[PDB]
Structures are given as structure tokens and as C-alpha cells.
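Letter by letter, the chains look like this.
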Amino acid sequence: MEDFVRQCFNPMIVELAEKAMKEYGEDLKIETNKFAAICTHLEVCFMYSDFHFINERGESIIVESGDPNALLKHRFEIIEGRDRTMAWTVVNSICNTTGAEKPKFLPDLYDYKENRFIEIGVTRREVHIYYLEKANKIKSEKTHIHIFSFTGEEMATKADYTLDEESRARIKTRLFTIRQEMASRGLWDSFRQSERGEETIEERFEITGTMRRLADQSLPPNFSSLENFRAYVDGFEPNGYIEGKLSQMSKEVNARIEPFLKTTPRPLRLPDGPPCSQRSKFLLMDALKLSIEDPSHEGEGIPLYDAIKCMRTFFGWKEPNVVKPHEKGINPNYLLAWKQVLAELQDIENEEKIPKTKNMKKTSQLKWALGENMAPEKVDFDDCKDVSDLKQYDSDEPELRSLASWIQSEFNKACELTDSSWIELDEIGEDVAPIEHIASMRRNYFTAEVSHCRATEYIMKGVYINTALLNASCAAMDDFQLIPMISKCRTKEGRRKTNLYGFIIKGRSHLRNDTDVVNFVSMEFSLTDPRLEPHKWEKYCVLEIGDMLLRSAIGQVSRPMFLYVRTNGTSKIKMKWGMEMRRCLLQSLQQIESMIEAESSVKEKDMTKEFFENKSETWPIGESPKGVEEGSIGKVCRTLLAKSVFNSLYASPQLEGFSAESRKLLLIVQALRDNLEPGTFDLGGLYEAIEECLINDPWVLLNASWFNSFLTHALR
Amino acid sequence: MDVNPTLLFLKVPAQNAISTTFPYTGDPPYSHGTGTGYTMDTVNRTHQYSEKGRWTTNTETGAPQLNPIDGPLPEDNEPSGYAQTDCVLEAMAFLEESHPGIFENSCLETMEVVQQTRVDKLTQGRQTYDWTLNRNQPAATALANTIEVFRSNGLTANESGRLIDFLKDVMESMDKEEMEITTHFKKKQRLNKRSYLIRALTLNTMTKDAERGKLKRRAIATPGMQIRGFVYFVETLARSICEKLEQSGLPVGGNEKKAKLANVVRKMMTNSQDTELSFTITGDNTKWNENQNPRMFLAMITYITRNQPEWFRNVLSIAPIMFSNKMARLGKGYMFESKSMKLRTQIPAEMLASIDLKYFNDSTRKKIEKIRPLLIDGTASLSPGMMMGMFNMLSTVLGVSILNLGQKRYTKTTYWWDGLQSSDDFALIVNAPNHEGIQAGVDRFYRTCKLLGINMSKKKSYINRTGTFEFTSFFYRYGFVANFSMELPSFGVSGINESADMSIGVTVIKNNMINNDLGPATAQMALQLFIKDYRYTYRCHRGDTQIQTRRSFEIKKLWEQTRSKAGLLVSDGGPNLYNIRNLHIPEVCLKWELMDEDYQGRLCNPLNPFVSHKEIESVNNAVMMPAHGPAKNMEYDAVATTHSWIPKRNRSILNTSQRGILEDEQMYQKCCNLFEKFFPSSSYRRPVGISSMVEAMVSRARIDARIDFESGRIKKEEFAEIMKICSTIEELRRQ
Amino acid sequence: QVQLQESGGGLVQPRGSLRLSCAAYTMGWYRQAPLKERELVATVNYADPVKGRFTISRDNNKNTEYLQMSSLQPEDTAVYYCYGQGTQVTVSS
Amino acid sequence: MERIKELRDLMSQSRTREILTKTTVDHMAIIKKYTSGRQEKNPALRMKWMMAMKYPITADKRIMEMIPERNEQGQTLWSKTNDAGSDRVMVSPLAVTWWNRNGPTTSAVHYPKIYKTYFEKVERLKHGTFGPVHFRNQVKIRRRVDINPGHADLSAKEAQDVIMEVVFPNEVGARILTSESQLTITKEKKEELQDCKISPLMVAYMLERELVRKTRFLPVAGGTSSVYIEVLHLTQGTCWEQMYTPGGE
RNA sequence: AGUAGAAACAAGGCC
RNA sequence: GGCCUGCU
């Protein structure tokens, strides 16, 4: 039958009908009479629509061939011959522009004169039944319907026929051409009734070929095919198989509970080796401040001018000389770098306006100090294979180092009060609710407690230094840059003040990965002699740069004044995390506020004021040789803030591992102290897990010592 | 006196101050170089936990595979992957018996979803291993490349737009003699059957960074695109199953987890009378993923899909069949340094099979020596067990089956147990009349776990009396206690854009106040610090200050120009009006009545060249990877302002041989923008159909010109011009 | 008497030999190295570090297991137990 | 006119012609998401790192013809170098602030009508009345509650057709909404937003947010009302309760 | 040298 | 010496 559509109809219509065939997903080889019937429907749609044009009037202009002009409007514009999505697109667009009613089924054409749709259907059966059939299929329709049938008859409601009658003679001539051409073909044994509305399909997902063999190799050891295994599974029913293997399984497979008593836990062993060194990016306990007493705010001002003005406030400069060498570098380079920094600072002082940011010369001194041109050149393996020295990067456990007493004192003095306010908080919306007033009062109390704390000063120092370093690295990637360490505080009298700890020289910072390292050299003034705790300054070079006179009742001290100079490095991640050190304030004060709220849930009243003023209640916050010492809530605030600050400063994988594996043991010990009969399956394994995190970090070793002390004081 | 914060625990219980034990204020550990060492170590460890299995050689991939299932029962407490098929089938049968109709229903909804799912659902995924280029690429890019290759090779069933048809094409590709791929350096290369099989069965290994809570780094894996559809269907089934199990806690959030934990502890302890003792085990499973054999997941799913259409069973079984034969790419490689000659070199991992061992240290030398027998075409066969939690939900199903297997109806003894399982972590409440009963119950639970290939970490687990325990960093002490140290890293600028960062910060403060019991004063301090960091990050200072920045001049002139300066946004250098009462209001709407009409109009102008919206999914959704958890998405309330710009892209593609991808990106985006202008609903609802672009665009041009004349700007001259231009593009597409 | 009583330990130069006895089913000799765990040495089967160096034996009439240690090394420096008090073995120069 | 003209210009060049011809409508989404840009793992780090560069943001090409290349002192506002995989050009953040002080102005009176949810929140809070804070232990119990206070009793899909018919009336397709509540919602949001020119996508997104019901599990103590849950952070705490009555009541 | 820690940075590539 | 890139 398909030979007929090969022969007669034009290409355009046959591929339109083929795409309509693909539309609903049925195959053309099984039933083709539908293809012919709907392609004839589509053909009558065209032949009825084309050759029919309109101009600004009604009364369509009919031309056998559209002449070249702007007057190519089509009388009837076709609906079908398009995908369902576009057919409904045209339906909705016509409804929204023509203000007509939206039909629920697919029309075939639209006309302007009568401003409505045409649903053309030419069926094998006579018209006077198919018409009202499709009419009762369509609900309350104003779209006019018109149908032909092979006998040659026409019909329509309203007795309406919308265009010329010679066109309809055309239609029925086409119709009988179709008819008495099948006459030569002979199809009416099924042509009248060949489609009955079949819609059914079964989804087929068959495993075959290579993928089947893979299925045959992904079974238990004693199975040969997926078919057999699935049959076995379907036939499988529970018949007490877990019990049999449990009985047969060796009894050494057990989870015996070892009781956890007061005498069970042993102190954590600390590693032994050379004392632990300093790792901070700046001096914390041994910092010195040169000040100007200016009225500018933290960010307000220009760095270089402030630094120069602060440094001019000090008199007593001496020619620098080596006091304590780096022990691994070239100290003369550090000396020359310091003198170069001074010289270029003067050079800025001379000229017209202090630059906002200064670049330094790339001398051999800072070329060595900043580690320039030291990365091995990257080459290909095929060119370097016979080199005996060629091997992997050194990948082994870090060097072992024992704890020293300097970190303990540094933390002790990091929780001490100061003679300045190191936090100038921002603005918030004016409090409107009583709860907001309570929150503001609490916040004011904590700010009064923690602002005068060395932890806040360290927070500001780190934030400013890391912000400046990151910005300089991102801006001046190539050229070495000078950045004075600046921090602005407010005195007890209320006068604002600036403080200059020293200088940082940032080097080449072409940082691609988050782990890539930018090297800088840090110089900081101090008065602490490095000849008393040399092991804490393994990586520092310390010079003697001047003498300071601070008013004291013992005449006047006239102390020496040294310069701690070192080469340090950071990374994008480290800079970003060090510039978010202000969340240590959060951590600490959230803990304290949780304490206050928990206690106030007992007594139905806010308990902040008496906690902060009466200072009757105290918490164990340290141990003295006499015994455990307790301090007021403010001291707890400062201690927790210092702990968070040191966590942010000495952060490392060792800290995370020890924190987790020691929190586990802390929970076990707490369960013991709560009389909850705690038990363990392998306590030695937990101890070994904790002890492997303690390698060389001073902070984690101090935490381990604190944990041992807590165990000793606990378990009683 | 020496200060010691830990001594604070002598007065404050450990859980009431547990936040102090979370050093989440410093930089988390990161990996620096290759992850090849970790990948090799994981492969060797997975293969040696199942050493007593039986060896075979796949006839298709030619790789050695180790099957430990039904192997000898363990005789020691060391990790073992010798799961027994009959035991696990019985466990699943008991799970079904205790929850009748679970499998049949879940299979019904899964069948509905599979037969109505679309291909585009695969684009909604993070990095995936594209085999066309042998590298990780965004899910959409890899899917597009694979579809292009399939269409070039003759597999065009995916044009039906159905994921099931895409999987049919994927499987049909397995039986092809020779496929063709494209490489740029374009060159057409031919892949034989075995090479393509291994490229479709392989995984890409990387090192996990920003992982807090352990000293050593780990390795993670990413699968290809051929196997992700089957994984999607299997995980859909597993999620539908677990949603019907109250003992599971994987498909829920954190608060639901806490609620279920409280309910189970109350149920276990309350029902226990005075005679019965109760004990809670806070258990962690050692080597959870390395001991879960994909064959056992195949067994579980084929038991689940019993009495179901065979096509459903086949499509759900394809995934574990491929995992059982999965291969893993070793990784980036190894970098060597020579200090004598002062140079460095980078050898790819694919050379580990043949490269001499003189360059490697003792540990790496032994690892390579042990893993070499499993090396096939630069990748190692990893049949014995899963790599990194790809089947999280099925593992949770197995754990829930174990938990339910002790409902006192199967124990047949006075002791019994229950609890909650979330993959790699569990809380087990066991009750028994005497300590001997508790010991026997825990021993039998451990033994049954060892029969299913699941191991309990004795070093990271402990048992106490009920009332105090831990679960996924949630510490329960007669009621869950807030931590607030897990969410600390999320208190900074997110890094999306100005308006997005502001809204996300305020919303995070609000949420942590609601859930994590953040205090009022602490919340105010957090708001102040966040505002300070926000102003210092975006160079948007109050405007009345003299802080010179790269943006302080325009901000200051805008400040001096504005009359009601209280309406200026913090992004434009205005005062901050936020407070505890205003944390749930966008900044634009909070300052709407205070803005000057000129500034208000300039700010919220639709014609601004900065705002760009791509799809309904990416309107106000921000992907923030939370600390100590999987990547998560958040809805943030924000008004589309001129500050909603999107930041610069990487721009490093220009120096790579894969430079033509940018031209293809530009052309695809131009075509997509044209289509959207032709089809405005393209973004909100993704268009569907089987036609091609130009057909729809030209035909809609026809119709829209028509109707927009029937009322609108068009004129006959223009309408006819459009009609004949449509004809022109038609004849152009002809040729 | 007690339940278990190990004896015959002491200080020995590397390469030297020693015989441990214990006064107490299948029995085993275990050792606990300083800082390390209690590990199985032999039973009456030998651990791989032991191999062909130590020889476990038992007198079933006298209720006692014996461990003959030959070609001793500084890794065998540990307290040896049977299954008590234990017996310290120290290998040193 | 224009649209078909850039269509013809695209089809003029062979590569785009092939892309338009061989690519089917269904693959629309795929190729639209086809990109070499990886999703950032650490957005904060790079946002703090990119903002230190010059020209850190991106904007459409049209910015080159509305904003001058430099400001009064000569600080550059935009660059002509396009982004990696787009025709957009990289520009400095000042071009934002500049647009807010001398850029074109419009009538933003209809934004309150569009962003109905946020302005309703503001109005509800502005007329709220606070009360005394009572300090007592709060038994926070976890419950499933609806957060959206303006949901019109419609699901996502249920209101998606309404949203399309309100914004994209022609792409609705087969669906013609039956429920009369949807009829009235369509009428109201059609006549209200008849000429709003913000964007079809944002209008659809905000209509989805407003009409679609959404639910989440939260620890609550009292309240349980939709209006009382949006301020759950302000009314309920660990040991304090703040009586509050939104402006709606 | 320095940062850092089971492998890396201490710029890369292209002419 | 000149120019390109900074998660590809």
C-alpha cells in the first residue's frame, strides 16, 4: 500500500507525515493505512489553505500563484503539520490575541473573516455521521466544522461554507482521484476500516551480549549464571541460616566489654626530642609597640606615613649588630635587609606624599631571604631518568619534638588584661525589643571583659597582617612589597592610639593552588632577650637595634631593644583563615552565654549581672602548685578566647586528630564520672590513635599535657 | 598559676562544653600533591581484607577479580569482607517480614520514576569522570560529550529523550567492535571493545580536602557517565525503601535525626522495667566502604525486586554488575625531585605498571609491588568492595536490616537491641536483664555484623548506660546539646556576591539561633563581626570614614549625593540596620522606605548589565559545602539588585589544548539565548520534543509576526519581510 | 599456689639462649613489649617473628608449659606471660 | 524583526548552523549547561581573593555603552576583554556603585508588588508589638511546620501551571486549570503584573515561592503558626521566651 | 633557607 | 627585552 504514497504525493507531505508518524512512537511497517489516511487529511488541509489570500478587506483574494508583493497574506493558516507543542502554542497564541475560546482538541486551520478555527476531516464513512461524531467529541464548540467524504458530498452546520465553491470542486475531484486510483490498486478490503485505536506497548530492557557475561561473573562463588542465581533467590526462604553460622563461627570473634574504672586510664605519653620551637607568624608575648596617639580609626589612615611617624617617636637608634644568629641562614642578609628597610623608609619620608603602598628593590639579600629562583625547574621524565639522585619528594613523619615551658607561659600571658581596648565594634540597628536590650547588655559586659585582653590584640594583629598580605599578594604578584604592622587601640583616658610592631616584606606570590606558599620576611621590635630561651627561637635571627627608656622607680631601666627577624611563609587558605580570627570571639562568648543561659534556666531570671559583678561563682580555669585555681566568669571568657585564638594560630592536622581522639576519651571519662558504668572494646587502640597525633606542634603537645593534668585531677 | 581550659570540664560536664573541643577556627588540613599513594593503599587494603576469597579473570575486561562471598568464616576480630549470601538473604527476608509490602511498593514507585525519568536529570550532578577526555568535568559537559560520541557511532536511541533509552544505548555500546573518540592537541582515535569496556567501568580517584577530624588524608572516587543512570535508579529505590524505615537516618536532615534518636532511646529505656538494664553503644564502623561487596548489593536488589517485571529487575541489576567489575584510575601520578641537578619531574600514574621502582621509597615501593598484578591499562581492578560511599542508601538498608534482626522475635533470648544506623556510624541501645545478657547481646550483634561484611571499630566505639551517647557529632545527654562549633566556618562571607553574601550571612545567623541554640548577645556579636568582614571584603565601608580603598571615592560621592543616607545598602556604604528582630528580612526591603527614589531606581533597574539569571534552579540557591558533611544547597532570600552580579570565571583554559571548548560554550550560549528569546519559557520549564531548533524558531517567527500584526507594532511590509526571511533561512538550512 | 607463675627470665646478650617455665586445654606463651600490647608468641604453632628460634613444650604431669628461646634479639626484650606475674626477659649488650 | 535577524546571522556561519540543525529541542538543557567552568569548592576564599583584583566581576557587553570607561580621576570602570566562555566583559566593582549614583533611573514602584513575600514580612514586623521576656526552661520539641506564610494551598507542580499561565500564557500546552481558586489567582496576578518588566524568570520564581506550600522540620515550643514561625528565632530561645504578636493579628 | 607534612610550594606554559 | 594565565 505504501507504493501509493511513494508514487502520488509530493515529498513535503510525505516527510511531514513521517515526522507525525514518529511523533506518537508507533512503527509504519505494521499499519500503513493510517499513514495514507492522515496524509490525505494533511493534503486537503494544504490544498484548502493555500491559493487563498486576503488583503486589507475581507473577501479573500484568490490567486493561482502568489505574485511578488507584500500582499501574500494567507486566508487560512494551518494548525496541523506541526508538533503537539507548537500546535498548542499556536492555539494559545490565537486565543490570547483573537480573544476567542480555547478548544480542547487540535484544530486544523484559522480564518480572519469569521475569526475562528476549522477542523477538517475527510473520513471514509459518509459525512452526516462523522460530523456529529467529532462534534460530540468536542464540547460546546464555536469553531465551525466542515468534512467531506469520498462519495463527493459536503455538509456543515449553519449551512456555512466559508470560501469559493470551485475550491470545493477541486477538493472532491482530488477525492475521487484518490478513490478511483485505489480502484486500480484495490485497497477497500481494509481501507474503510483499518484503524481501531490501538495504544499499547511493553517496555523491554534486555541484558544480552557482553553485558550478560559480566552479569555471569558478578555472582557468589558457586553460581554459574544470573538466571540460576535469580531462580535460587526467588526460591530462597528463611530456614535459620544465621543461627547455624553463628554456632559454627569461632568464639574468638567477640566484642567483650572491658570495664572502665578510675585506675584504668593512664596518662597520655608525650613525644621526646629537641624542645618545641615557635611557629607563629608574629611575636605574641614579646611584642613591642611604638605609638603616636593619633585620632584615626583602625582602617582610617595611610600605613607608611603612620609607621614612619611612630618610628620617629623613638630615639636611641644604634648601628644594628648580630646577637643571636638564625643558625641555618645568612644573618648578614637579615642585617642588610633591616638597614635597607630603614634607608627606603627615609627615602619615602623625603619625597612629596607618602605612597599608599611601596615596592622595594629586589637585591640579592631579599632574593635569598624570600627564596627566589629556588624552585627546581620543571622538566620531562624522558630527559631525566639516569640521574641517580632523582627520587620522590621527602614524605615521612615529621620530626619529633618534646614540649617546652614557653608555650604555657605564652598562653598564661595571652589571657591577661591590658591597658587598652583592642576591639572597636561596628553599629547595629537600635534595639527595639526587651530581649534585644538584654542581648545588648550582655554583649556590652563581654566586650568590657574581653576588649582589654591580649587575645583580642593578637586577633587584630593577625587579621590586619593577613588581610594586608593577601591584598598585596593579589595585587603586586611580582614585586616585593613593604607593609608595616599596624594596630590601633584606645587608651583608658579615651585617646586613640596607633601601634607599630614592625614590618613585613612580601615576596613573589604567584599563588595558583590553595596550598601554594607565599614567602615573606618579618621584622619585629622587642625587649625580650633571646639568650634566655634560645630553643624557642630556632628559626629567628635576632639583632640589637637600640635602647629604650621606660619610666620606672629604679632610676630608669635603659633596657636593650632587639629586632626579631625571620623568614616565614603562608598560603591563600592560611591567609583567608587567619583573616577570620574574629570568630574566636564568637566561639568563646557563645560558650559563656550558653553557660549563663543554662544556669538561668534554673533560676527563673537573667543571671548575667550578678555573674559579672558579684563574682561569687568560679570555675576551675587552671592549676597552681598549691592546687586547682578557680576564677570568675570574666577570666573564663578570656581563657576560652585565648584557647580559640591559639587554635586559629597554631592550626594543624595534628590538632584536629588529637582533638577528635581526645574528645572521645573525654566523653568516656565524663561517663565514668557520671556513674554510667562506661565500657570499652579496645582502649589501647584509642590511646594509640591519640598518641599518634602528638609529633611536634607546641599547641597540641600543650593540649595533651593539659589533658593529662585533667585526668590526674579527675578520677577521684 | 598556669591557665588550663581543660580543667573547666571538672565543673561543667563534657557535653555542656563540648564546643571547646572543636578547633574549627583555624585552617582545615589540605592535601598538597598526588592522591595516587592513597588510591593504591586503599586498593591494596580492600584486596587484603578479602584475601581468603577466590580469584578469577574476567573474560571481557581480562582483569583479575577477587570474590570473597561465601568464603571462610572469620576467626579474628580484624576487618573481613567475607559476607555470606544466605545470611544476608535471610536478613532481607526478615526485614520484609517485619515490614510487609515494603519491597513491592518501593519497586512500584521506582518503576514509575524509571519509566518517566528524563535524560536531563543526569545534568543535575557535580563533577563526573568523562571518558572521552579521561578527566573530571561537569556532569552536563560529560553527558553532552558522551551523547555526541554515541550519535557519531550510531547509537541514537537517546534521541527519544528518555533515561531508560540512554541506558539501552549505553549497554548496546558494550557490544560494539570499534568506537571512535575525538582528541585535541582534532584527531579521531579508535577504541576497541576491551579498551572501551575498561573506560566505561573505570573510576577517577582524587584526594579529599577540607576534611576535619583526622590526621591522615583519604581518597575519594568519581564514576563515569555510563553508570550514573543505573546508580540514580538504584538510589531512588533505596531512598524509597529507607523512607519507610524508622531505624534509618540517612535520607533525613539533622533535626529529624535528633528526633528519631530521642524517640528510640525513650522507647528502649521506658519500655525497659526496673529488672532490665540498658546500655548504649556509640559505634563507628572501621573500613565501612572497603568491606561492602557489590555482589551482595546485587543479591539484595534481586531479592527486593522479586515478582516484578523482568525489565525492571535487569535495569536495577545492571549497576551492581558494573560495580563488581569496577576499575579505579590510580590518580594524578607522582612528582620526583633531584636536588643534585636541581630539577623536578611529574610522571603520570599510568606508568606505575612498567616504571622501575628505584625512584620510590620503601612504603610506596611495596604498595606498587602489591598492586601491580591488578593493573590493567593504567587502572586497577577494585572488585572486592565499594570505594567511597556510592551506595550509601543500600548500605544503610543493610545496617537497618541488622538493627531490626534483634527485635526480640529473632533473638530468641531475654536480651534485645535496637538503635539507629547512618552509614559508617550507629547508636545501639541494647537491653537485657543482667550484665551477662548485655554482653551476650552485644557479642551476637557483633558476630551477625561480621557475617554481613560489616565491621565495628573497637577503637572508636564505647558502651555506657543509656542517657549519654554521641551520633554524627550530635552529643545526647538526657537531651541533645547544641554545639555551634560545627557551623562556625559558615559565619563568614559565603562568596557568591554582595547581596547573596549578606542574605546568606543573616539567614545563617538566624538558623543557628533557631537550631543550634545560639544566644542573643552572641548573635548580635556575630552580626557585628560579619558586617565588619563584609565591608572589609567588598571594599564597601560606611562612607563617612576616611578609609581609602579602590572603591572609597564613588562610595563617598554617592554618600554625599544621597539625602536620606539611612537607606543606603551596606554594599554601597550605608549604615547597618540589622538586629535580632530583622534577621529574616532582606536588606533591600528593610531599607526600602528610607531610600531616595533616584537611588532606589538606579539600584533596582531591570536593564542593569550586571544581573544575570540562567535557570529557575539557580535563581536564589547557593551551594555551601558544610564543614563535616556533604555538599548542601540553601535557599537565600534576596532581591535582584545591581549587586547581584556573578564573579569572574577561571580563564585558565586559554593556555590549554582544550581551548575550543570556550568557543563551543559561546556558540551554545548564543543559540540558547536566541531560543529563549524565541521560547521565553525555556528557562523555567525545560522544553521537550523531538524537533530541531531552527524548525521551532522559524515556525514561531511565522506565527508571532502574523499575530503581532493582527494587533501590534508589526506592519504588512515587516510581516512579509519576516515571512520571506523565514523562507530564506529555510532554503539556507536546505543547503 | 597462684593460678599462673612464670619463671626463668633475665638479662642475656643478643644471640644468647633462655628457658622460661610456667606453673598453671591448649596453652600459649605471650609477651608484652614496653609501651606495646600483649602479643601471642607460641602455643601448644608459633608467631612469624619467632619462627625457628623459640620452642614451646609441655609436661602434662607437672601442669607446666615451657618456652626455649634460642638466638635472642633486642625485639624479644619484653615481659613474658603464659595463659600471672610474668617474667622479664631483657636482651642487651 | 531583530530576533529572526540574529537567527539568520547565526545560520550564516557554518558551525552555528550545524549546532542549530542537528541539536534537538530536548537536548536544549544539556547544551545550555555545557560549560568548562567547575563549580567552586571554596567560594569564600576566592571571593576574598578575586575582589583584590581589578575587574573582578562580569557584566553584559551593553555596559560599554552606558558607563564610561573611566571615572573622574581615571579609575577604570570596565574592560573590553570578554569572559572565558561568554560574550560578557569583566568590569570593576566601581561600575556597580557608579550605576547607583549616575546610572539610568526607572520607576521601582512595582517591585513591592512583585516581591510580595518580603514586603509582607516587613509590613508584618513593622506593626508588631513586643512584650516582657520570661526566663524559664523551654521544652523545645521537634515538629514539622510550614515556613511560608503566604502559601495558597498549592504544591510545586500544582502551582507551576498557574505560574506559566500567568507569565507564559502561550507555552501552557494542554493544561487548562480546572480549580477555581487557581482561576482567581491567575486573574489577580495577571491584572496586577500586566506590564511589569523585571524579568519573566524572576516573576515566575517569586510566584512559585509565594503560592507553593513548603514545609520543614524545626525545634519549636509553642507558636506553630506560619506567622509565628518566621520569627521563631526572636520569640523562642534556650531559657527565655519573648512574647510577640505580628502586625497581621 | 623557609612554609608544610605521608606530597607539595618555593610561578607555569607558549615563543 | 616584548606579550599570555592564575580553581582547567
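Residues numbered from 1 in each chain as written, not as in the entry; some residues may be left out. Chains lettered and ligands numbered in written order. Heavy atoms only, no water.

For this entry, the PDB record names cryo-EM as the structure determination method and reports a resolution of 6.72 Å.

The name given to chain D in the PDB entry is Polymerase basic protein 2,Polymerase basic protein 2, with the source organism recorded as Influenza A virus.

The name given to chain A in the PDB entry is Polymerase acidic protein, and the organism recorded there is Influenza A virus. Looking at the Subunit heading of the UniProt record, one finds this comment for chain A: "Influenza RNA polymerase is composed of three subunits: PB1, PB2 and PA. Interacts (via C-terminus) with PB1 (via N-terminus)." Listed in UniProt under the heading Sequence similarities, the comment for chain A reads: "Belongs to the influenza viruses PA family." (UniProt positions renumbered as here; feature names shortened; annotations may be inferred.)

Secondary structure summary: chain A contains 23 helices and 20 strands in total. Computed over its C-alpha atoms, the radius of gyration of chain A comes to 45 Å, more than 25% above the 27 Å expected for a compact globule of 716 residues. Counting only C-alpha atoms and orienting by the principal axes, one finds that chain A spans roughly 130 × 90 × 80 Å. Sorting the 716 residues of chain A into buried and exposed places 53% on the buried side. Accessible surface computed for chain A: about 32600 Å², of which carbon and sulfur atoms make up 52%. Placing the 95 positive and 114 negative side-chain charges of chain A at their respective mean positions leaves the two points 4 Å apart. (Helix = DSSP H or I, 4+ residues; strand = E, 2+ residues; numbered from the N terminus. Rg over C-alpha atoms; globule rule 2.2 N^0.38 Å. Buried < 20%, exposed > 50% of the residue type's maximum accessible area, 1.4 Å probe, protein only. Areas by Shrake-Rupley, 256 points an atom, 1.4 Å probe, with all protein chains shown as cover. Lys, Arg positive; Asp, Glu negative; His and termini not counted. Charge placed at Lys NZ, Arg CZ, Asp CG, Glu CD.)

Looking now at the interface of chain B and chain A. Taken together, the 182 residues of chain B in the interface contact 175 residues of chain A. Taken together, both faces of the contact between chain B and chain A bury some 16900 Å²; the carbon and sulfur share is 61%. One can count 17 salt bridges joining chain B with chain A. Here B:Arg535 and A:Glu427 are joined by a salt bridge, their closest N and O atoms 3.0 Å apart. Between chain B and chain A we count 80 residue pairs in polar contact in total. For strand β10 (residues 377–378) of chain A and strand β13 (residues 343–348) of chain B, the ladder comprises two bridges, and the chain directions are parallel. (Contact = heavy atoms within 4.5 Å. Buried area = accessible area lost by both parts, 1.4 Å probe. Salt bridge = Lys/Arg side-chain N within 4 Å of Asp/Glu carboxyl O. Polar contact = N/O pair within 3.5 Å; in protein donor to acceptor, adjacent residues only side chain to side chain. Pairing = 2+ DSSP bridges.)

Residue and element names in this part refer to chain A. Where nonpolar side chains cluster on the molecular surface, the patch consists of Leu550, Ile554 and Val557 and spans about 280 Å² of accessible area. Topologically, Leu550 is positioned in the loop between β16 (540–548) and β17 (559–571). On the accessibility criterion, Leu550 (49% relative accessible area) is partly exposed. (Patch = residues over 30% accessible without salt bridge, like charges linked within 9 Å, V, L, I, M, F, W, Y side chains within 5 Å.)

Moving on: the protein's contact with RNA strand F. Taken together, 17 residues lie near RNA strand F, and A:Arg512, B:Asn650, D:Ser36, D:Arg38 and D:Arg46 sit nearest. For RNA strand F, the backbone makes up 59% of the atoms found within 4 Å of the protein, where backbone means sugar plus phosphate. A:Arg512 places a side-chain nitrogen or oxygen 2.7 Å from a phosphate oxygen of RNA strand F. The separation between a base nitrogen of RNA strand F and a polar main-chain atom of D:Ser36 is 2.7 Å. (Near = heavy atom within 4 Å.)

In this section: the state of the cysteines. Within the structure shown, the criterion is met by one disulfide over all chains. Here C:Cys22 pairs with C:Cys82 through a disulfide, and the sulfurs are 2.0 Å apart. Taking the torsion about the sulfur-sulfur bond, which here is approximately 85 degrees, the covalent link between C:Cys22 and C:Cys82 counts as right-handed. Taking the relative accessible area as the measure of exposure, C:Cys82 reaches 2% and is therefore buried. Unpaired in this structure, A:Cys8 has its nearest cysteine sulfur neighbour in A:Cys39, at a distance of 9.6 Å. (Disulfide = S-S within 2.5 Å.)

Now for the protein's contact with RNA strand E. Taken together, 37 residues lie near RNA strand E, and A:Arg279, A:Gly371, A:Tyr393, A:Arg566 and B:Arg344 sit nearest. Expressed as a percentage, the sugar and phosphate content of the atoms of RNA strand E within 4 Å of the protein is 63%. A distance of 3.4 Å separates a base nitrogen of RNA strand E from a polar atom in the side chain of A:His510. Between A:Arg566 and RNA strand E, the recorded distance is 2.7 Å, taken from a side-chain N or O atom to a phosphate oxygen. For the surface near RNA strand E, the secondary-structure elements that each account for two or more residues are β15 (517–526) and β17 of chain A. In terms of residue count, the dominant contributor to the surface near RNA strand E is β17(A) (four residues). Within the surface near RNA strand E, the residues separate by chemical class into 10 nonpolar, 13 polar and 14 charged. (Nonpolar A, V, L, I, M, F, W, Y, C, P; charged D, E, K, R; others polar.)

All names here are of chain B. Close contact between helix α14 (residues 498–514) and helix α15 (residues 520–538) brings their axes to 10 Å; oriented N to C, the two are set at 165 degrees. One finds that α14 runs roughly antiparallel with respect to α15. For the element pair α14 and α15, the recorded crossing hand is right-handed. Side by side, α14 and α15 meet where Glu498, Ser499, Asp501, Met502, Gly505, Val506, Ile509 and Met513 of the first sit next to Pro520, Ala523, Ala526, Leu527, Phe530, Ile531, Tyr534 and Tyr538 of the second. The residue inventory of the contact of α14 with α15, partitioned by class, reads 12 nonpolar, two polar and two charged. (Axes fitted to C-alpha atoms, helices over the stretch in contact; angles between N-to-C directions. Parallel < 35°, antiparallel > 145°, perpendicular 65-115°, else oblique. Left-handed = near helix turned anticlockwise from the far one by under 90°.)

Residue and element names in this part refer to chain C. Spatially, four strands are ordered β1-β3-β7-β6 in an open sheet, and the strand pairing comes out antiparallel. Of all the strands in the sheet, just β1 (5–7) and β6 (54–59) have a single pairing partner and so form its edges. Pairwise comparison of adjacent strand axes, ignoring direction, gives a mean angle of 15 degrees for this sheet. Pairing of strand β3 (residues 18–23) with strand β7 (residues 64–69), which is carried by six bridges, proceeds in the antiparallel orientation. Bridge pairing links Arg19 to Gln68 in β7.

What follows is about the pairing of strand β19 (residues 627–631) of chain A. All names here are of chain A. Of the pairings in the sheet, the one linking strand β18 (residues 619–624) to β19 comprises five bridges and is antiparallel in character. Looking at the pairing, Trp619 lines up with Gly631 of β19. Joining the antiparallel neighbours β18 and β19 is a turn of two residues.

Moving on: a positive patch on the surface. Together, B:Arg126, B:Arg135, D:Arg38 and D:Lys41 give the surface a local cluster of positive charge. With respect to the secondary-structure elements, D:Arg38 resides in the loop between α3 (28–33) and α4 (43–50).

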